[PDB]
Every structure is written in structure tokens, then in C-alpha cells.
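Single-structure report; data block below.
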Amino acid sequence: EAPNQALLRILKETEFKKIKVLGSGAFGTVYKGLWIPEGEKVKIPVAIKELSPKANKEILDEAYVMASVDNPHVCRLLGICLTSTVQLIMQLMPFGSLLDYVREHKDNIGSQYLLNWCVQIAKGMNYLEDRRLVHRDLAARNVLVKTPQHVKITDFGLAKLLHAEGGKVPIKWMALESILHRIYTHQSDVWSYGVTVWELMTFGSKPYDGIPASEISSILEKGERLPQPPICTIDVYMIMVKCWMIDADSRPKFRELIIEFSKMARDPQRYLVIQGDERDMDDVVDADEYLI
Ligand SMILES: CN1CCN(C2CCN(c3ccc(Nc4ncc(Cl)c(Nc5ccccc5P(C)(C)=O)n4)cc3Cl)CC2)CC1
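Those letters in the sequence shown? Residues 697 to 747, 752 to 862, 870 to 986, 1006 to 1018, per full-length UniProt numbering, in order.
So this is what it looks like as C-alpha cells:
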């Protein structure tokens, strides 16, 4: 396989200011912050993630993956910070996760935005497929909003470079072959993409709500799937159901999903039916403009 010439960038802690906690949870807390490269006269809005030798081992594996990807629909790592427990410095996505955003603004989200997000997530995933990377945890919570017009895929803690494995994982986004056999493919990412689209089309509902994860395996086996969303035409709902087929070779490819959702994005009202669809920081630079 080709040699990975990606540059790991080490960043000085004295160059960052942690401003507020963006989130806390199972992982180490994520901070909003400012990165001021010395002598460069730029202020770069960043998100800093920190969770012990087991912690540093897991965070440098994610830094390995994120340092090796360069696409507009994939979250970008700026560098790492050599703290006793290593810090991941990434680009700040000001609007949070697409899951939260779609819930907070459901009364103002139209069909043009929903289908454009579907195109953009598929472009991210098609890029990860070109790089032989299996994300394994695609979900609306792992798609971040830079602007409502631009979204990027952001969580690589489970990603693997093509997969058999052992460990904890989110069952309600997983392809049935993964639940039963711990197998993962780009095609099983397609299954989670369908669930992610369903999360968007229902303005942020939880799949298989109030059903134990232990039950999900046999619900899927008997032939059951997630319901058609109210806003959804059979055209859109059929694409989801195709991602949830049993034969993984039968599900669509990410390059085909780009085409399909792109076509539906030219006549959005024909494919999604939503009521009232028609209706000192001077030196700040976004990470996407600060190159080297
Ligand atoms: C209902 N209230 C009203 C306020 N809303 C919250 C909205 C969600 N929040 C938020 C999270 C992230 C950003 N930007 C951001 N950029 C870049 C990154 Cl890497 C990032 N990572 C991150 C952050 C927190 C949790 C998890 C992660 P992960 C594990 C996906 O890496 N986050 C901006 C915001 Cl606002 C905080 C404000 C919702 C809650």
C-alpha cells in the first residue's frame, strides 16, 4: 500500500486559550478555544478534545486517521498538543452537530438544506472509501455544522483502514452483518448512512425509540426497518430502505448516493414535502483558509 506522507503537526499549548466547555461525556471533554500561531498574526477558532497510557494510545490513533484525510466534507485536524494526556486540536464547527441543529431549528429547515446535507455526507463518505477507510460510527451526531450550507464528518475514534473487532459500539446505526458478525465494510457505512438520513428526515428522532439494543438484532432479522418519515416521498424513502438491505453488495454505493441526492436537490419540493418550504476578532481566520 502507498506510503502515508501526511504531516503530523505538533502545537505549543502556550498558543491556545480554552474558552468554554463545548461538551462532556463518555469521551474527554471538548473545549471551544482560540489558536494564535506566534508571529503569524492570525486567530484560528479551534475545538480541543482531551480524555493514562491507555488514553494517549487511543487519541494518537485518532490523530493518525484525521491527519491522513483531506476533503472539504471531512473534519480537519490542525495538530496535537504534547500534554501529559494528549490534546487533539481540530477546527471549530460553530453550529454544533447536525443532530442538535436539526432539532433546534426544525421549524426553519427546508428540503433544499436536507438534501444538500445528504449530498455532502455522501461526498465525505465516498472520499473515506477512496482512502480505504471505514468510519464505523456514522450518525447525525458525528456530522458537524460549519455553516448551515456546509457540514463535515467528524468522529474517527472507531475508524479502521481496510474488518473484524471486539468492543462496545452503537447498535441502532449498525449493519446487521456487524451486529451478528463484527464485520465492517464501506457497505456497512452505507447502512449507517441510511439511519443518518432518517435522523435528518425526521428532524432528529431517535431510531427504534425505547427499544433495547438487545432487541434490535432480531427486529432487523425478521425484516423490520425504520418507518417512512412524514416529509418523505417514496423516492427518498426507497433510497434509505436500499441502504438497509441484507445483502451488503445490494445497497447503493456512496458515489451513487451523491448522484441521486444531487438530482433530488435540483427539485427539492418534488422529493421532500415540508409545510411552508418557501419561507476583538479582526484577525480571525477559519482553519480552512489557514494553510501551510
Ligand atoms: C440545546 N443546547 C443548546 C446549545 N446547543 C449546543 C449545541 C451543541 N454544542 C456544540 C458542540 C460543538 C460545537 N462545535 C464543535 N466544533 C468542532 C468540534 Cl470537534 C466539536 N466537537 C464536539 C463538541 C461537543 C461534543 C462532542 C464533540 P465530538 C465527540 C462530535 O467531537 N464541536 C458547537 C456546539 Cl454549540 C454546544 C451548544 C445545543 C445544546
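Just so you know, even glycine gets a beta-carbon here, dropped at the ideal spot from N, CA and C.
Checklist entry - Which residues bound the alpha helix (DSSP H) around residue 944? => result 941–950
Checklist entry - Quick one, are the C-beta atoms of residue 965 and residue 737 less than 7 Å apart? => result no
Checklist entry - Ordered along the chain, which non-local residues of its own chain (more than five positions away) have a Cβ less than 7 Å from that of residue 938? => result 908, 979, 980, 981
Next on the checklist: So, under 8 Å CB-CB, residue 790 and residue 845 are touching, yes? Tell me the CB distance rounded to an integer number of Å.
Outcome noted: With a Cβ gap of about 14 Å, residue 790 and residue 845 do not count as contacting.
Next on the checklist: With distance defined between alpha-carbon atoms, name the residue in 797, 717, 829, 714 nearest to residue 850.
Outcome noted: 797
Checklist entry - Can you pull the DSSP bridge partners for residue 790? => result 743, 777
Next on the checklist: To the nearest angstrom, how far is the alpha carbon of residue 955 from that of residue 712?
Outcome noted: 45 Å
Next on the checklist: In whole angstroms, give me the CA-to-CA distance for residue 721 and residue 841.
Outcome noted: 13 Å
Item to check | ligand 1 heavy atom lying under 6 Å from the CB of residue 726 | outcome: yes
Next on the checklist: Quick check: what's the CA-CA separation for residue 751 versus residue 788?
Outcome noted: Regarding the residue in question, residue 751 is not represented: the chain runs 747 and then 752, omitting everything in between.
Checklist entry - Do you know whose CA, among 922, 927, 698, lies nearest residue 902's CA? => result 927
Item to check | Boundaries (first-last residue) of the alpha helix (DSSP H) holding residue 907 | outcome: 893–908
Checklist entry - Is residue 792 near ligand 1, judged by its Cβ being under 6 Å from some heavy atom? => result yes
Checklist entry - Distance, Cα to Cα, residue 834 vs residue 698? => result 17 Å
Checklist entry - Since residue 838 is in the beta strand (DSSP E), which residue starts that stretch and which ends it? => result Here residue 838 belongs to no beta strand (DSSP E), and DSSP marks it neither H nor E.
Checklist entry - If we count Cβ pairs, one from each stretch, closer than 8 Å, do we get three or more for the stretch 699–719 versus the stretch 727–737? => result yes
Item to check | Exposure of residue 837, with buried meaning 16 or more beta-carbon neighbours within 10 Å | outcome: buried
Item to check | For residue 1018, the three-state DSSP class (helix, strand or coil) | outcome: coil
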